[PDB]
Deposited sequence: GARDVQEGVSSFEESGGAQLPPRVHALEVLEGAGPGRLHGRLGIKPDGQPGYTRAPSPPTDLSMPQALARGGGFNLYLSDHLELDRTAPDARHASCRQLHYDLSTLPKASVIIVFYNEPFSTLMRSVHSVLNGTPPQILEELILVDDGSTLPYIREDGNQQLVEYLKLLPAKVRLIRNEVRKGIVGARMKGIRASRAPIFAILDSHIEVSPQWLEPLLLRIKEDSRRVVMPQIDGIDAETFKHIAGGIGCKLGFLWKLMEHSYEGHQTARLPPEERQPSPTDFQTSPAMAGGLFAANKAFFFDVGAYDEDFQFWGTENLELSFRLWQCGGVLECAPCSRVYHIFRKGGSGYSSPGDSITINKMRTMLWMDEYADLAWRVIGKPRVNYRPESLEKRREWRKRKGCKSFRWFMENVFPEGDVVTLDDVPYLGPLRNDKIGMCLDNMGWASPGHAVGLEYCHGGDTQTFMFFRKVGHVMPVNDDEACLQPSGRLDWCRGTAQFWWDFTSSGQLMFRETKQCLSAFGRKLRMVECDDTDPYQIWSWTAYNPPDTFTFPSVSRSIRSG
């Protein structure tokens, strides 16, 4: 288009022949607006507001002041195809994303913008509907090209379609509800140019769901629930001294990624394994990629100078996925965890589903023909700062039983942090199973490695502090280091008392965790 300049590097977007925008902008949201139910009608974010906000919405520059003091030679960088996959995404969010990309990315480095309709059922995105999307696209450069799936395949399914259709040496995947900051793609391209084996991910800022205000705020690990988790304080303390507070312009390696939003050399991406194409809908596809990448000769970095705003959803869901899809994706990811899969399996509930075993083994066959390294290696070199680097760091996993009263601890059915622990009759169920992390002395319910027992008799969010460090003595006591008192089950009440090996009420029996050397997947 024409009108090129700073702020609209691809020209004035969204103008018809007449010269007036082809987007009917909405008036200010109502005064009599109920916010808690609007975040459901909008599918996670306030849509009355997004519809009233302009598609060419300026956004503050969130990169560090030192990041702006850089220079990139556009003529010497490879072009890249940005891929935006979307399903039933509202018009305002989807176009504001495309606008933000086209407005803030030089055309010299943007080969194309591929939009992937993953079987949307909205009338504006359907080819048997009002045709608002397709019609409006003619008002965008040819770079922007829409492609569809006749049926919803999921993130993995839709993302491969975009990458497979991409034409550039590099692709950059983005969400359909995003806004970028200046020079967001330039750092990624330069980094992948010098080593095609690097998968680089931008730092993700936020667009508030309710207010749409721009909110600011690199190393990311994982939880044994098979969820991404940001490096905590005690984990950043285990870092090498010179990497504990890296500079704002440095590329920092990350054990894991936050799911989507990354750039990668297309050829390499297909040679390090693309995406397990049996992963369904939403799920843990971000870890299988993270684990697989590192073990098979790749690098995962984050560029603090490449920042992108993202609408994290709140009090609502944008789409509906089946209940089994999440467990399947986790089971398949456990293939890359080797012996540690035994623990991951118990945290997610020792589940047994149809994880498509036939195709999962062919990935194991692929894994061995590629010579990919082990997860123990991964844990010892890529994520050595984790609380569980070896399965010896989980010495006890099982019921915490007091023989005197003949009972064991019980989460009372809610393993989520915040509620109180009670004494009940032992039935050997997951509700009465507890594991121990010796690196931080955390006593946690098996089904949630974020909940930690405290002297108060209740669970709370696990922090690697003196407020959660427990000691399991040789006598069998649960001693709390800070106060140096031991936990007693006297009268079916949880109390702290002077430690004393003669008090049978404070002697506990905790099963030892001596799992196998190799995890054998379940049956179907």
property: Unmodelled intervals of the deposited chain, in order; result: 1-29, 247-249, 557-563
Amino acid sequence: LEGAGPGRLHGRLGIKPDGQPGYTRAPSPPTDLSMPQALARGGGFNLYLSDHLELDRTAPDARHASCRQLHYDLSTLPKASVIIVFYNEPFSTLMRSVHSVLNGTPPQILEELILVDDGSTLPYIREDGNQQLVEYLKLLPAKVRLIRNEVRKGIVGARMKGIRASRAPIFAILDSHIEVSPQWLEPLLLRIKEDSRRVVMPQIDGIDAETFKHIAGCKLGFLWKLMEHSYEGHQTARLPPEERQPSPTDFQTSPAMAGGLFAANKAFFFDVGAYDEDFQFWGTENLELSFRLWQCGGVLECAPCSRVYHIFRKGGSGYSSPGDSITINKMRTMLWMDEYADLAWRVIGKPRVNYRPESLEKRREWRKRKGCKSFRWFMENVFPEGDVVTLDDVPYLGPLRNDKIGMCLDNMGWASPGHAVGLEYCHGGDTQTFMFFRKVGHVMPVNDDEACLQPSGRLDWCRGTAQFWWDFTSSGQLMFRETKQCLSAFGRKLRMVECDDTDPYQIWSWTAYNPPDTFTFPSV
From here on, numbers count along this sequence of modelled residues.
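Only the largest set of C-alpha atoms that superpose within 1.5 Å between the two forms is called the rigid core.
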{"query": "Greatest C-alpha divergence in 7 other deposited structures of this protein once each structure is fitted on the rigid core, 413-421 or 285-293", "finding": "413-421"}
{"query": "77-85 against 206-214 - segment lying farther from this form in 7 other deposited structures of this protein (CA RMS, rigid core fit)", "finding": "206-214"}
{"query": "Flanks modelled, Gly371 absent in at least a third of other entries", "finding": "no"}
{"query": "Coordinates lacking for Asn130, a third or more of other entries", "finding": "no"}
{"query": "Per the entry, higher mean C-alpha B factor between 412-420 and 139-147", "finding": "412-420"}
{"query": "224-232 set against 175-183, stretch whose average Cα temperature factor tops the other in the entry", "finding": "224-232"}
{"query": "Residue with highest C-alpha B-factor in the PDB entry, from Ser321, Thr333, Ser92, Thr121", "finding": "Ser321"}
{"query": "Candidate set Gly217, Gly428, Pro240, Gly273 [ranked by C-alpha B-factor, highest]", "finding": "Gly428"}
{"query": "Record-listed C-alpha B factor of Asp471: chain third", "finding": "lowest"}
{"query": "Third of the chain, ranked by Cα B-factor, where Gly349 sits", "finding": "middle"}
{"query": "Third assignment of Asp56 from its chain's C-alpha B-factors", "finding": "lowest"}
{"query": "Entry-reported Cα temperature factor of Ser509, expressed as the chain third it lands in", "finding": "lowest"}
{"query": "Chain thirds of CA B-factor: placement of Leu459", "finding": "lowest"}
